[PDB]
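Visitor: Please see the structure below; I have some questions.
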Number of protein chains: 6
Amino acid sequence: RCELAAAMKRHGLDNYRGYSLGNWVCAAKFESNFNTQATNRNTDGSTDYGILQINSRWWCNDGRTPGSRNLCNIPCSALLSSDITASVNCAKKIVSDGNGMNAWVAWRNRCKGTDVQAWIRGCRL
Amino acid sequence: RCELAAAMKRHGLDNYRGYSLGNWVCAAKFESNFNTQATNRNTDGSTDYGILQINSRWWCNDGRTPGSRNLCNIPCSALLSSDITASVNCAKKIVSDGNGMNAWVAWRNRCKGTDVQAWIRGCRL
Amino acid sequence: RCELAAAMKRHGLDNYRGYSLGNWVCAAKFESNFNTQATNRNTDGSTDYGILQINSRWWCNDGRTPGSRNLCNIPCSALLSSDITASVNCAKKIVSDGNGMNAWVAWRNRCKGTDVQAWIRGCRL
Amino acid sequence: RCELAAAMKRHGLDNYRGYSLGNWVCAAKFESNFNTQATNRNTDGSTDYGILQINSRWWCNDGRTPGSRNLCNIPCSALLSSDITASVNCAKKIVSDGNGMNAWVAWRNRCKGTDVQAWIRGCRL
Amino acid sequence: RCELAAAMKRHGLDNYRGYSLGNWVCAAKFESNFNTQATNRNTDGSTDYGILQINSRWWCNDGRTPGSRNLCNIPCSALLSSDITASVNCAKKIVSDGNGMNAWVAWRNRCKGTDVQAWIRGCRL
Amino acid sequence: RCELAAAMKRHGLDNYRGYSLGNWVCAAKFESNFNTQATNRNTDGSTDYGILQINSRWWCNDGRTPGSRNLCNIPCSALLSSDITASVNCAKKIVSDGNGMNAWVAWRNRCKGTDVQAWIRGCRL
């Protein structure tokens with residue numbers, strides 16, 4: 001007599017008014033920001049809500065410079081940004097060369113989210 | 001007589017008005033910011049909510065410079081940012097070369113989120 | 001007679017109005033900031049809430065400099081930032097070379113989130 | 001030579017969102033109530049306004065009185081009223097007679113709101 | 001030579017959101033109540049306004065009186081009232097007679113709101 | 001030569017959000033109550049306003065009296081009232097007679113709000 005089985009129940013996440021990523025095996029660059037969650041109950045009033053609030057009646061301007069030579073102005077560059085590679089440069093001559101300045105190159109992946117095995121080697125009747 | 005089994009129940013996370021990432025085996029660069037969670041109950045009043053509040057009636061401007069030579073101005077650069085590689089430079093001559101300045105290169109991954117095994121070697125009847 | 005089993009129940013986290021990451025085996029760069037959690041109950045009043053509050057009626061400006069030569073101004077650079085590699089430089093000549101200045105290169109991973117084994121070697125009837 | 005004149009300018013009241021009775025010479029019964037005046041400016045809220053507010057979940061009722069004889073019940077009579085003369089009586093026998101119980105009888109009026117006179121008795125040329 | 005004049009300017013009251021009775025010569029019964037005046041400016045809140053506020057979850061009721069004889073109940077009578085003459089009585093026999101119980105009878109009025117006179121007796125040329 | 005004049009300027013009251021009765025010569029019964037004046041400025045809050053506030057969860061009721069004889073109950077009578085003449089009586093026999101109990105009877109008035117005179121007796125040319 002030789003009797004055997006395998007069983008597996010799965011059920012995903014329950015999300016209620018929320019941000020949720022269950023199980024991420026073997027990720028590389030991940031970038032989350034400002035994925036905000038809020039309940040507001042306002043009666044007889046005024047609610048403001050904000051992560052970044054910049055009240056700047058003169059932000060990053062330039063001033064009056066008559067008769068000026070060889071300027072290099074670069075205000076408010078790469079603001080709230082990702083992956084700016086050798087970019088937005090204020091120069092007059094640029095030389096770039098070589099086998100350098102490499103971003104996220106030449107990866108090797110061997111990745112299993114879940115595994116189940118059932119090994120039976122010999123019951124012979 | 002030879003009898004055997006394998007069993008596995010799974011259920012994901014429960015999230016209520018929240019931010020949640022269950023189980024991340026084998027991550028590389030991860031970047032979360034400002035993923036805020038709030039309840040507000042306002043009666044007969046005024047609620048303000050914010051992580052970054054910058055009241056700056058003159059922020060990063062420049063002033064009046066008539067008859068000026070060979071300027072290099074760079075205000076409020078790379079603000080609230082990630083991964084700015086050899087970028088946003090205030091120069092006149094740039095030379096770049098070589099096998100250097102490398103970001104996140106040449107990885108090797110061998111990664112299993114979950115494993116279950118059931119080894120049986122010989123019951124022979 | 002030869003009888004055997006394997007069993008495994010799992011259930012994810014419960015989150016209520018909160019930030020939660022359960023179990024992260026084998027991470028590399030992780031960066032969380034400002035993932036704030038709040039309850040506010042306001043009656044008959046005014047509530048302000050904020051982690052960074054900068055009241056700066058003159059922040060990082062420049063002044064009036066007529067007839068000026070060979071300036072190098074860089075206010076409020078790399079503010080609230082990550083991973084700024086050889087970036088946002090205030091110069092006139094730049095030379096870069098070599099097999100240096102490397103960020104997060106050439107990793108090797110062998111990482112299992114969970115393991116279960118059941119070894120049986122010989123019951124032979 | 002005999003020269004003479006008479007002159008009279010009049011102008012009534014100015015009323016703006018108001019209750020106004022200018023000049024009442026020689027009145028008898030006058031009765032004003034609840035002639036209310038209000039400005040309301042409501043932003044982001046709830047305003048209630050009222051002179052008489054009576055929250056009375058059981059006001060002037062009667063209760064359960066089985067097998068009862070010769071009752072005389074009179075709740076909430078003459079409420080917010082004027083001139084109730086020998087009225088709304090709870091009795092079984094009423095006798096009324098005579099030259100009495102008189103209201104506001106037999107008046108005599110001689111009443112001038114304004115007077116102007118110009119008496120000239122003899123210039124005789 | 002005989003020269004003469006008479007002059008009179010009048011102007012009524014100015015009322016702004018108000019209750020106003022200028023000049024009442026020779027009044028008799030006058031009765032003002034609850035002629036209220038209000039400004040309300042509400043922002044982000046709840047304003048209640050009232051002269052009489054009676055919260056009375058059991059006001060002037062009667063209770064349970066089974067098998068009761070010869071009752072005389074009179075709750076909340078003549079409430080907020082004027083001129084209730086021999087009225088709303090709780091009795092069984094009433095006899096009224098005579099030359100009595102008289103209200104506001106037999107008045108005599110001689111009343112001038114304003115007077116102007118100009119007497120000239122003899123210039124005879 | 002005989003020269004003469006008379007002059008009179010008048011102007012009524014100025015009222016702003018107010019209760020005002022200028023000049024009342026020769027009044028009899030006057031009755032003002034609750035002619036209230038208010039400004040309210042509410043921000044982020046709750047304002048209650050009231051002259052009479054009666055919180056009375058059991059006010060002037062009666063209780064349970066089974067098998068009761070010859071009752072005389074009169075709660076909350078003549079509340080906030082004027083001129084209640086021989087009224088709202090709790091009796092069984094009433095006899096009233098005579099030349100008595102008289103209210104506000106038989107007045108005589110001779111009343112001038114303003115007087116101006118100009119007497120000239122003899123210039124005879």
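As shown in the structure tokens, the chain order sets the letters A, B, ...; within each chain, residues go from 1, and ligands are also counted from 1 in the order they appear.
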Per residue of stretch 30-108 of chain D within 12 Å of stretch 2-22 of chain D, record the nearest atom pair and its distance in Å to one decimal, counting only C-alpha atoms, with rows in chain order and ascending residue number, as a Markdown table.
Guide:
```
| residue | atom | partner | partner_atom | distance |
| --- | --- | --- | --- | --- |
| D:30 | CA | D:21 | CA | 11.9 |
| D:32 | CA | D:19 | CA | 10.7 |
| D:33 | CA | D:19 | CA | 11.6 |
| D:34 | CA | D:19 | CA | 11.0 |
| D:35 | CA | D:19 | CA | 7.2 |
| D:36 | CA | D:19 | CA | 8.3 |
| D:37 | CA | D:18 | CA | 6.5 |
| D:38 | CA | D:17 | CA | 8.8 |
| D:39 | CA | D:17 | CA | 9.2 |
```
Visitor: Can you list, as a PyMOL selection string, every protein, DNA or RNA residue that comes within 9 Å of residue F:101 when you count only C-alpha atoms, leaving out same-chain residues fewer than 6 positions away?
Guide: (chain E and resi 100-102) or (chain F and resi 85-86)
Visitor: At a cut-off of 9 Å, which residues of chain D touch chain A? Count only C-alpha atoms and give the answer as a VMD selection string.
Guide: chain D and resid 43 to 46
Visitor: Near residue F:118, within 9 Å and counting only C-alpha atoms, which residues show up once chain neighbours fewer than 2 positions away are dropped, as a ChimeraX atom specification?
Guide: /E:116-120 /F:5-6,116,120
Visitor: Could you write out that same residue set with N, CA and C atoms as a PDB file, in the first residue's frame?
Guide:
```pdb
ATOM      1  N   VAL E 116     -45.032 126.398  17.884  1.00  0.00           N
ATOM      2  CA  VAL E 116     -44.278 127.626  17.584  1.00  0.00           C
ATOM      3  C   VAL E 116     -45.294 128.777  17.505  1.00  0.00           C
ATOM      4  N   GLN E 117     -44.995 129.911  18.164  1.00  0.00           N
ATOM      5  CA  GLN E 117     -45.831 131.105  18.113  1.00  0.00           C
ATOM      6  C   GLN E 117     -44.958 132.311  17.724  1.00  0.00           C
ATOM      7  N   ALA E 118     -45.559 133.312  17.054  1.00  0.00           N
ATOM      8  CA  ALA E 118     -44.937 134.605  16.787  1.00  0.00           C
ATOM      9  C   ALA E 118     -45.971 135.719  16.988  1.00  0.00           C
ATOM     10  N   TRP E 119     -45.977 136.339  18.183  1.00  0.00           N
ATOM     11  CA  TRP E 119     -46.972 137.334  18.570  1.00  0.00           C
ATOM     12  C   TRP E 119     -46.445 138.735  18.258  1.00  0.00           C
ATOM     13  N   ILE E 120     -47.190 139.492  17.435  1.00  0.00           N
ATOM     14  CA  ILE E 120     -46.914 140.896  17.149  1.00  0.00           C
ATOM     15  C   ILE E 120     -48.237 141.653  17.320  1.00  0.00           C
TER      16      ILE E 120
ATOM     17  N   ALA F   5     -37.736 138.375  14.141  1.00  0.00           N
ATOM     18  CA  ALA F   5     -37.764 137.032  13.569  1.00  0.00           C
ATOM     19  C   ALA F   5     -37.971 135.942  14.630  1.00  0.00           C
ATOM     20  N   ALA F   6     -38.190 134.710  14.126  1.00  0.00           N
ATOM     21  CA  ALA F   6     -38.088 133.473  14.892  1.00  0.00           C
ATOM     22  C   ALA F   6     -37.532 132.345  14.008  1.00  0.00           C
ATOM     23  N   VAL F 116     -42.291 127.098  21.742  1.00  0.00           N
ATOM     24  CA  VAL F 116     -41.530 128.321  21.438  1.00  0.00           C
ATOM     25  C   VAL F 116     -42.539 129.477  21.354  1.00  0.00           C
ATOM     26  N   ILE F 120     -44.370 140.203  21.244  1.00  0.00           N
ATOM     27  CA  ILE F 120     -44.086 141.604  20.953  1.00  0.00           C
ATOM     28  C   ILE F 120     -45.405 142.370  21.121  1.00  0.00           C
TER      29      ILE F 120
END
```
Visitor: I want to know what sits within 6 Å of stretch 57-62 of chain D, based on only C-alpha atoms, with residues of the same chain fewer than 4 positions away left out; could you give that as a compact mmCIF listing (two decimals) with C-alpha atoms, in the first residue's frame?
Guide:
```txt
# COMPACT_ATOMS: atom_id res chain seq x y z
CA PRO D 75 -52.93 73.69 30.20
CA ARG E 57 -37.91 67.31 28.82
CA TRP E 58 -40.88 67.09 31.24
CA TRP E 59 -42.44 70.54 31.74
CA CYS E 60 -45.82 71.29 33.28
CA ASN E 61 -47.72 68.02 32.71
CA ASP E 62 -49.94 66.06 35.13
```
Visitor: In stretch 7-83 of chain D, what's strand (DSSP E) per DSSP? Answer as a CSV table (one decimal) with C-alpha atoms, in the first residue's frame?
Guide:
```csv
chain,number,residue,atom,x,y,z
D,14,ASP,CA,-34.1,107.4,7.1
D,15,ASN,CA,-34.3,103.7,7.9
D,16,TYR,CA,-31.7,101.1,6.9
D,19,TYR,CA,-37.7,99.2,12.7
D,20,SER,CA,-38.6,102.8,13.2
D,21,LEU,CA,-41.7,104.9,14.1
D,30,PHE,CA,-49.3,100.3,22.0
D,31,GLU,CA,-47.9,96.8,21.9
D,32,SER,CA,-44.7,95.8,20.1
D,33,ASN,CA,-42.8,92.5,20.6
D,37,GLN,CA,-33.1,93.1,13.9
D,38,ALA,CA,-30.1,91.0,12.9
D,39,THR,CA,-27.1,90.7,10.5
D,40,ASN,CA,-25.5,87.3,10.2
D,41,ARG,CA,-22.3,86.6,8.3
D,42,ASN,CA,-21.6,82.9,8.4
D,43,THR,CA,-18.5,81.3,6.8
D,46,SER,CA,-23.7,76.8,11.5
D,47,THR,CA,-25.6,79.7,13.1
D,48,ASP,CA,-28.9,79.3,15.0
D,49,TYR,CA,-30.9,82.4,15.9
D,52,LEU,CA,-37.9,81.9,22.2
D,53,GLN,CA,-36.5,78.4,21.9
D,54,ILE,CA,-38.5,75.8,24.0
D,55,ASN,CA,-37.2,72.2,23.7
D,82,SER,CA,-53.0,90.2,24.9
D,83,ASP,CA,-56.5,91.4,26.0
```
Visitor: Can you tell me which residues surround residue D:66 at a distance of at most 9 Å, considering only C-alpha atoms, apart from same-chain residues fewer than 6 positions away, and format the answer as number ranges by chain?
Guide: E: 64-68
Visitor: Figure out the distance between atom CA of residue E:63 and atom CA of residue F:77, please, to one decimal in Å.
Guide: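 For atom CA of residue F:77 relative to atom CA of residue E:63, the distance reads 17.9 Å.
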Visitor: Excluding same-chain residues fewer than 5 positions from residue D:106, what lies within 12 Å of it counting only C-alpha atoms, as a VMD selection string?
Guide: (chain E and resid 102 to 109) or (chain F and resid 105 to 107)
Visitor: Atoms to include: N, CA, C and O atoms. Write the selected residues as a PDB file, in the first residue's frame.
Guide:
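Saved file out-v2.pdb follows:
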```pdb
ATOM      1  N   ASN E 102     -62.377  97.729  36.680  1.00  0.00           N
ATOM      2  CA  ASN E 102     -62.369  98.528  35.460  1.00  0.00           C
ATOM      3  C   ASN E 102     -60.922  98.706  35.002  1.00  0.00           C
ATOM      4  O   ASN E 102     -60.053  98.987  35.835  1.00  0.00           O
ATOM      5  N   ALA E 103     -60.669  98.566  33.682  1.00  0.00           N
ATOM      6  CA  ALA E 103     -59.329  98.684  33.099  1.00  0.00           C
ATOM      7  C   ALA E 103     -59.277  99.849  32.098  1.00  0.00           C
ATOM      8  O   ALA E 103     -60.003  99.852  31.106  1.00  0.00           O
ATOM      9  N   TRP E 104     -58.458 100.863  32.414  1.00  0.00           N
ATOM     10  CA  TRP E 104     -58.039 101.917  31.494  1.00  0.00           C
ATOM     11  C   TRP E 104     -59.215 102.771  31.016  1.00  0.00           C
ATOM     12  O   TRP E 104     -59.278 103.072  29.822  1.00  0.00           O
ATOM     13  N   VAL E 105     -60.099 103.217  31.927  1.00  0.00           N
ATOM     14  CA  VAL E 105     -61.373 103.821  31.522  1.00  0.00           C
ATOM     15  C   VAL E 105     -61.324 105.346  31.729  1.00  0.00           C
ATOM     16  O   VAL E 105     -60.630 105.825  32.622  1.00  0.00           O
ATOM     17  N   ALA E 106     -61.993 106.085  30.829  1.00  0.00           N
ATOM     18  CA  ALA E 106     -62.419 107.465  31.026  1.00  0.00           C
ATOM     19  C   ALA E 106     -61.245 108.433  31.149  1.00  0.00           C
ATOM     20  O   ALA E 106     -61.142 109.137  32.151  1.00  0.00           O
ATOM     21  N   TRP E 107     -60.406 108.522  30.101  1.00  0.00           N
ATOM     22  CA  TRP E 107     -59.264 109.428  30.108  1.00  0.00           C
ATOM     23  C   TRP E 107     -59.610 110.719  29.366  1.00  0.00           C
ATOM     24  O   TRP E 107     -60.577 110.758  28.610  1.00  0.00           O
ATOM     25  N   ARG E 108     -58.824 111.780  29.611  1.00  0.00           N
ATOM     26  CA  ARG E 108     -58.976 113.066  28.947  1.00  0.00           C
ATOM     27  C   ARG E 108     -57.595 113.572  28.532  1.00  0.00           C
ATOM     28  O   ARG E 108     -56.690 113.607  29.367  1.00  0.00           O
ATOM     29  N   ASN E 109     -57.438 113.903  27.234  1.00  0.00           N
ATOM     30  CA  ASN E 109     -56.149 114.227  26.616  1.00  0.00           C
ATOM     31  C   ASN E 109     -56.200 115.627  25.995  1.00  0.00           C
ATOM     32  O   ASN E 109     -57.194 115.998  25.375  1.00  0.00           O
TER      33      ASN E 109
ATOM     34  N   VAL F 105     -57.506 104.058  35.856  1.00  0.00           N
ATOM     35  CA  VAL F 105     -58.777 104.668  35.448  1.00  0.00           C
ATOM     36  C   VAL F 105     -58.718 106.194  35.650  1.00  0.00           C
ATOM     37  O   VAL F 105     -58.022 106.672  36.542  1.00  0.00           O
ATOM     38  N   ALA F 106     -59.382 106.934  34.747  1.00  0.00           N
ATOM     39  CA  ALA F 106     -59.801 108.316  34.938  1.00  0.00           C
ATOM     40  C   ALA F 106     -58.621 109.278  35.058  1.00  0.00           C
ATOM     41  O   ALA F 106     -58.514 109.985  36.058  1.00  0.00           O
ATOM     42  N   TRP F 107     -57.780 109.358  34.011  1.00  0.00           N
ATOM     43  CA  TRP F 107     -56.633 110.257  34.015  1.00  0.00           C
ATOM     44  C   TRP F 107     -56.971 111.548  33.268  1.00  0.00           C
ATOM     45  O   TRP F 107     -57.937 111.590  32.512  1.00  0.00           O
TER      46      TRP F 107
END
```
